[PDB]
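If you want the building blocks of each chain, they are given just below.
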Amino acid sequence: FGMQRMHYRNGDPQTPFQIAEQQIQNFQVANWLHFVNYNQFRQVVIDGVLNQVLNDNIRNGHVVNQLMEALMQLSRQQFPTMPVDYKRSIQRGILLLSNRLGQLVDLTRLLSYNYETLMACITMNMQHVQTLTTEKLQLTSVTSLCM
Amino acid sequence: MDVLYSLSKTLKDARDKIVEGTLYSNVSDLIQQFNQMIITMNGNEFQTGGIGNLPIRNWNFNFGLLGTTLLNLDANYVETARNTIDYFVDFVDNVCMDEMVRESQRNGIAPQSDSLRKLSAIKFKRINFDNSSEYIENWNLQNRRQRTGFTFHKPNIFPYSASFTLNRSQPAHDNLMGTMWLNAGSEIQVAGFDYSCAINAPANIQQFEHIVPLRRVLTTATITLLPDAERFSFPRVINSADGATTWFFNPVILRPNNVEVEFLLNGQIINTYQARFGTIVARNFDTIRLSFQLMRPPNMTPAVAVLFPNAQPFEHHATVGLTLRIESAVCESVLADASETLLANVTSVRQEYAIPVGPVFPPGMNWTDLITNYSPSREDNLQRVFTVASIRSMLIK
Amino acid sequence: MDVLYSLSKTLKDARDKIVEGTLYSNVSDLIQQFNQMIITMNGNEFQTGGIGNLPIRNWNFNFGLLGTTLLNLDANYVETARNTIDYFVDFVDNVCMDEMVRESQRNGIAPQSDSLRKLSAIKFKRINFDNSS
Amino acid sequence: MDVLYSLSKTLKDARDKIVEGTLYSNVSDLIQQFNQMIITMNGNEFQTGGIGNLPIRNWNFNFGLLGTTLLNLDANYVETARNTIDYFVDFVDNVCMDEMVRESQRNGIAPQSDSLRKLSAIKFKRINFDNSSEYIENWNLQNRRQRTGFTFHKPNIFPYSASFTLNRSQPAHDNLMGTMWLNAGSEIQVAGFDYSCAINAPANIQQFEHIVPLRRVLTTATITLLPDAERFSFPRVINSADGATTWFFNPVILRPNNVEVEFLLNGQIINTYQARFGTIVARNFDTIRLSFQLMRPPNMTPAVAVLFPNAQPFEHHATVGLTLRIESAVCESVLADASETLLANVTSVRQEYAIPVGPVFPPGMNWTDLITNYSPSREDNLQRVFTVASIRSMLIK
Amino acid sequence: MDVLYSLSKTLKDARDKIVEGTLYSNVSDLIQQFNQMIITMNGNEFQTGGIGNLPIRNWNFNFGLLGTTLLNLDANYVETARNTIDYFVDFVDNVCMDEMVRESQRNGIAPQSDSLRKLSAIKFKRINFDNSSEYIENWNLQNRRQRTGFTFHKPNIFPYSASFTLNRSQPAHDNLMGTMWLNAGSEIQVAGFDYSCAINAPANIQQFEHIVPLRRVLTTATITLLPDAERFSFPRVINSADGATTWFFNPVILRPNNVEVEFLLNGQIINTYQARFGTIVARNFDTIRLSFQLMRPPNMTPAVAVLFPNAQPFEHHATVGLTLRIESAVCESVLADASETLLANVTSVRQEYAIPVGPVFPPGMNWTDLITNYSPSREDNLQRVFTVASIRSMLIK
Amino acid sequence: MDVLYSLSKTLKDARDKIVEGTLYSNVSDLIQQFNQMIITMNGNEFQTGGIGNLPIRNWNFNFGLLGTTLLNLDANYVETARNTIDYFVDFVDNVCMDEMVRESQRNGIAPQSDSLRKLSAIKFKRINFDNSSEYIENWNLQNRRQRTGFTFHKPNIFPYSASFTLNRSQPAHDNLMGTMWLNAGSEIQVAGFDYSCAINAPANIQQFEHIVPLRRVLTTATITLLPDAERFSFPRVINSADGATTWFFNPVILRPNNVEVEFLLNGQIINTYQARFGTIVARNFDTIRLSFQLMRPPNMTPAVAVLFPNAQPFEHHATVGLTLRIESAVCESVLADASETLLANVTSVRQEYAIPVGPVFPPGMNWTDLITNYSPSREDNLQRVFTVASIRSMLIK
Ligand SMILES: [Zn+2]
């Protein structure tokens, strides 16, 4: 949108999605930036077991219908000051993903079901706390899952 | 304003649908609305009250979402949601009382309180829910300039008025002629009298007329017409016009002859009815014109003929009257009626917190003084306050 | 007769539930009804009025479906639906005034106007919605 | 309606900005608007006229785009555009005359002609341009229910009225008392008289009063008040009330004593001025209440004392008057005034084409008959026709 | 002429849009016009003045272009442009005063000064900018023979005239009949009198008439008509026709009976109004014909009957008058009015520099002498000078 | 001050140019201005009100930019911009009412409110837009000491005054001489009288004179001169100088002989006119000097000769008067007039919020008291408040 890049001053309670939300007056993008930051688990018991669950819109693939619109919206942003060589390579790389709507609506429809079915067999509480070490994710593996 | 109704609609449904033991699929779409209320409202802070004896309270929202993982709701899930609903329903009471108490003269249709001005941002528009009530539907149709309509049962369209008119008089007050009337609520009782009983009138017929103009245009009314004024039927003593002396009125009652009721709109006769009593309709009108006449009976038994002599001492005075009553009608502006209590909720808030007299409304919210001079500046304020009083009635009776 | 109530029930709910900024899951079942109205009504043509001073109007339905892909409804989605509702709500006024004005003596419980006799086919029965009044 | 103003705005600018020799960057954004008019309008066909003597014409649009490749415009580029503008400006004249001539009674704010109903589709909405005029800005603010305002210079708010009132009379007409007035345009001249010159009044003071109600509420007026009615100052003979006889009025003029002018709104005193002449203001009012009194002078020279005897023959009658005049005010409904010619354009079209009398407007567009009964059904028609007359005045004077 | 307006339009916009701190995209198209002024004007040299006391000045243009590389304008960019604007705005003042002061009789619509003849070459045509003012738009429509129109508020269409006419007279001057009038500005006050009060007239009715021809044809006028001439209402002494003796006029005033106002065009009745006062319209006319009559009142009280005897001594003379006033109208030639000051700018230049009387205009620019003989040779000069005075009013008030 | 006009100019254009369906190139330069407003205004916070009954409000700006990527604007783009404009246009109303209500005596041309002092930093100077209005152009020319000018229609230059002067008197009040006048608004009506009708004057000629000084220097006026004072033409009774007794004045009216009107500037005669009625001009003046004389007519018919005897009882008094009226003029200081409503907006704010009397302006903003003592300390305050009232009139009528 031609905005100036921001500095974060690594300290606030506000994530970069949370700052970039009331900064943009676009409906198609700020509908998506409002889901993604208030996207968290829900703490509630069944049968004596406290478990962590999610929204309805991830349990079906309905939130991906907004990720389409928002990603598609900016696939036409003329990108001011950007060189047109690097501009066309990044606007076409988004349509690698936005043109796959029906296959990602069903992928997050399957991911939520396998998480839902396997958590029936949990006996201890699903207590949530930040672990000292961390299992590492590579975003190369996510692009390999999506495409 | 549209998001203040949308807060109250899904707090009413949250106390009704989230009950113990119910199936989860019954409330699967309400919880997606109720969680999306909370996400919008967190982090904000509000302030209500300050005028009169209405106390100042500060509001702050930091709540957690509801669980979406049970099959049947249990008593843990109900009791953890009731202590969230009870904080919101206390917030909406103090915003609705903050708005029914304030008024402006330039543009009364705009929000006046500090909290309702802050809720009118585009940040809070995602709380918007269905608008199915009568007053919030007419709030939206009238905001786009489309035709609206409110349905009333016995609407208070007439201001209180009880007076008379003497078309023939003298200081002795023993040979009089004219009409008397009572206009109050939704009922007209007019009665014409003549002491001589048309002994010297041409063809022994005396003509009467009574014209009542309205303040707003009514549509599709159901009107009951009966040929007697029961209020002007007994002997009474009445003061003079300037309160100097008193005069006596001893009636006997004939039947009304040649009755014509007309229903006018910009001087054009829309409907007319000639000697037709009972229930009648009136499709579009703003002026009622009653017409009726007294006729001396040409044949009289000896018990009747003593009552009406030719000479001056008239001890039994002739009287002819009618009675009209509006049962139900459809207007376009807000009014008061006999079924709903929206006027009583507005005055009870102002009387309780000792609110000073402002620039628009009459002192004490007097309905006789408010329908008498029913200006377009008072109409925009009265709709804005009856609509807020309708939102508060869903949560707190 | 049963499908004339079912046209008016989901035009009343369409002006109430399809508002700006609302969540899509609030209106996810109304739009499946409102799209399925339009599919049944396209290609047909009607004619109301003719008695007294009631004027003769001709009706023709060629509309497009509504979108089912947003998360929160915006002002494009509302303003493209209001100019479809306002044509149907003008059609139902002129069918209801055409029927309140006519009468018969043999069997008065049957429909009398030309448009309401045509709506009583089994082609139009899929518009049927709840009957709660 | 919004796209009818947008056709006339960019035909006015096309005759002004597309001139010979001008630089191309001066008109680089107008040509993108003017080409995008043509693309929307091609293939359509229209029909205007049909009522009265207004002839029927058929319109058909098949034009080509303008060139966007010169640096300075030459005489080929101007002369190929003038023969496209001259066809559109003839089309807009016949749509504006087709709409100023028609009227309705149910909903007068809707378009009535066949061409303007067809221009209100969403196909034609891309012709929409800026809305910067006074009447098209108040057309849009009032369509969303926001507060509007029209600024007038000497507004025709008073209907024509010239009459009198006798508070004391006899058939000889030689000892009279009362007021006389002229209300016309934006000027009030009231004058009170007393033939006896308060010789038997209590404390030799006679009280007068004159109350003028308005039809619409005015805002922020500038009013000139002068202590003489120059029209009721000379000897004249006046007929009686029922036209039976005539009576004579020979004035001499004292100064007005104890003048109070009040400016009412729903019976509440907004402003008041006591013995203050010159220029005054009035921020919000709908009723003017003039009050002034005659006082017999206690000391008189011998030339004055002969004029006012104690006995019955009064040959010189006392007179006290005022004069009020509204210079400029701000109303919310449309009116007529002394600066702009929007009323004159409407009547001149109806008189030229011999248009029959319809259901709403008075015969001959009589302004005295139209401001007397200024109903809300006539207000919606009068705004719809003054706004179309304002669009036509940009192209064709 | 078209390029003299185009110099003043982009010097007015250069002082308004080139301000400190503004964004560059607000002025990105003005600077391309202002730089392209300078390129055309460099190398040329001019000479103004020479007539009367107007001094001779020589003009020479050697300036540099403006920078087109900032994002927000700073105080260096403003102060380097103000010392270029202030030399051009001094040049345009001395060309406009050089043209308002000169006149010709053969073809007055051509430029007369030496500088404006030199600006009419095709070298200078690229300075041409938009022509959006009222006088420069009517300069171009009338130059191609298309229909124009100027809108006025109270136009000075009547020359000053105050006289009378005696239809019955004798050297004693005690039994007279006729009319009196004042025509001045945009107002007609005519009053007819009869000393005998129609005692010997047939059916006691005396007919009056007053016909006023105009100089130019007016269109869509708004006219106020009131039934009293307040100027001919008091006792006065008037000289005779040849200034020999004086005669006395003591009026009493009846109401005007049977009033008919007609609006003629080439002898054809366009509009007519019969006993209709207040505001009226007149769509197309060039001659006003007033008609009104005096009627002796058939019934008179004893106070009235003494005023009008049968014999010769008439001490109270009857008088009937009218009053007409044009509020606003649309003409096609230029005139003077009450709102704009274009006549005052022309005479103030000629009076200041002591300019000799030329062949066309009256001495001292007398408007009464100029509208009396308003020849087509004076019309072409008067439009050429009011248009130059309108260009100078944009820069220098 | 310059940035307060620049906020209101691009909020007026944002409601006019950002409409539904318009092409993006029509608004491509406004959005670059409107986005650059928002960037400057974010993070700041303001506070208005506090004096009188004007409430205290706090302002806080945290908004997002507008999109710059569409080809035709849709209803999402309009409705997301209207809820940003409606917060700014509420902010500018409360800054303009905060400044029209305050005043100072040392340097009134400086900003007085807390918000307008904060907007005068160099941080806020990048919001500056074009300055094309009349009052903001004269605000900038006068701030650099260049010559300014305001154009008025009937300017209120004369304070209200109605009095007389007796050059010959006695306690009987039957042989008097002097002048009477009314100066009110923009109109002078002077009338001189002589009871003896110059029977003993040298050469039977009585000389009159009336000198009116102005408060500010007017330039290029258009003046109408008519040879009758219609206000001093009827019989009236007038009090004495100290209010002791009353005296009688019964006029008959001759024509004014040898009229000379002079237009002075520092005692120098700029213009003069001798027996020339109708419309006249006056290029530069600050003092009007009227001169006229009464001449006894040498020849009289027998109806006239009875009116003027040689002895003492004079029952018909001679009267000679004039009438002057300024139609339009150009001043350099601000004034009030009959066309624009800038005085009415200032007083209506002060009357509504019950503002106490400060050190500069008269109580109640009385224009007769303000033009009487029109000091240079009041001139700097009156220009500062009329300019703020002109900014508020663009957004809120
Ligand atoms: Zn005027």
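Conventions adopted
Residues numbered from 1 in each chain as written, not as in the entry; some residues may be left out. Chains lettered and ligands numbered in written order. Part of a larger assembly, values for the part shown. Heavy atoms only, no water. Donors = N, O, S within 2.8 Å, 3.2 Å for Na, K, Ca; no water. Helix = DSSP H or I, 4+ residues; strand = E, 2+ residues; numbered from the N terminus. Buried < 20%, exposed > 50% of the residue type's maximum accessible area, 1.4 Å probe, protein only. Axes fitted to C-alpha atoms, helices over the stretch in contact; angles between N-to-C directions. Parallel < 35°, antiparallel > 145°, perpendicular 65-115°, else oblique. Left-handed = near helix turned anticlockwise from the far one by under 90°. Contact = heavy atoms within 4.5 Å. Nonpolar A, V, L, I, M, F, W, Y, C, P; charged D, E, K, R; others polar. Core = buried A, V, L, I, M, F, W, Y, C linked by side-chain atoms within 4.5 Å. Least-squares fit on C-alpha atoms. Buried area = accessible area lost by both parts, 1.4 Å probe. Salt bridge = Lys/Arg side-chain N within 4 Å of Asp/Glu carboxyl O.

In terms of determination method and resolution, the entry is listed under cryo-EM at 3.48 Å.

*Asks:* For the coordination of the zinc ion, give the residues involved together with the corresponding values.
*Replies:* In this structure, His-153 of chain D (NE2), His-153 of chain E (NE2) and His-153 of chain F (NE2) serve as the protein donors to the zinc ion, at separations of 2.1 to 2.4 Å. Note that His-153 of chain E is positioned in strand β3 (residues 150-153) and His-153 of chain F in strand β3 (residues 150-153), a pairing that runs across two chains. We classify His-153 of chain F as buried; its relative accessible area is 10%.

*Asks:* Residues and numbers for the packing of helix α1 (residues 2-17) of chain B against helix α9 (residues 376-395) of chain B, please.
*Replies:* Between two packed helices, what matters for the description is the angle formed by their axes and the separation of those axes. Residues and elements named next belong to chain B. One can describe the packing of α1 onto α9 by two numbers: an axis separation of 9 Å at closest approach and a directional angle of 15°. Taken together, the axes of α1 and α9 lie roughly parallel to each other. Remark: the crossing between α1 and α9 carries left-handed chirality. Facing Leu-4, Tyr-5, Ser-8, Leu-11, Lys-12 and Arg-15 of α1, the residues of α9 in contact are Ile-391, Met-394 and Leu-395. Of the residues contributing to the contact of α1 with α9, the split by class is six nonpolar, one polar and two charged.

*Asks:* Please set out the nonpolar core residue by residue, giving values where relevant.
*Replies:* By size, the foremost hydrophobic cluster in this structure holds 110 residues, and its most contacted members are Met-41, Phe-91, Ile-223, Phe-263 and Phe-285 of chain F. Per-element accounting of this core gives the leading share, 10 residues, to helix α3 (residues 75-99) of chain F.

*Asks:* Lay out the relation of the copies chain D and chain E with the relevant residues and their values.
*Replies:* Mapping chain D onto chain E calls for a screw motion: a turn of 120° about the axis and a shift of 0.0 Å along it, with 0.0 Å RMSD after fitting. With respect to symmetry, the two chain copies, as superposed, fit the operation of a three-fold axis. The C-alpha atom lying nearest the rotation axis in chain D is that of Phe-234 of chain D; the distance is 3.9 Å. The fraction of interface residues of chain D whose copies in chain E are also interface residues is only 2%, indicating that the copies meet through different surfaces.

*Asks:* With reference to specific residues and values, describe the interface of chain D and chain E.
*Replies:* Counting residues at the interface gives 44 residues for chain D, matched by 45 residues for chain E. Counting the surface lost from both chain D and chain E, the interface buries some 4,000 Å², and carbon and sulfur atoms represent 52% of this. Linking chain D to chain E there are three salt bridges. Mapped onto the side of chain D that touches chain E, the elements with two or more residues apiece are α1 (2-17), β8 (236-239), β9 (246-249) and α7 (342-352) of chain D. Of the residues forming the side of chain D that touches chain E, the biggest block, six residues, is contributed by α7 of chain D. Here the side of chain D that touches chain E is built from residues that sort into 15 nonpolar, 18 polar and 11 charged.

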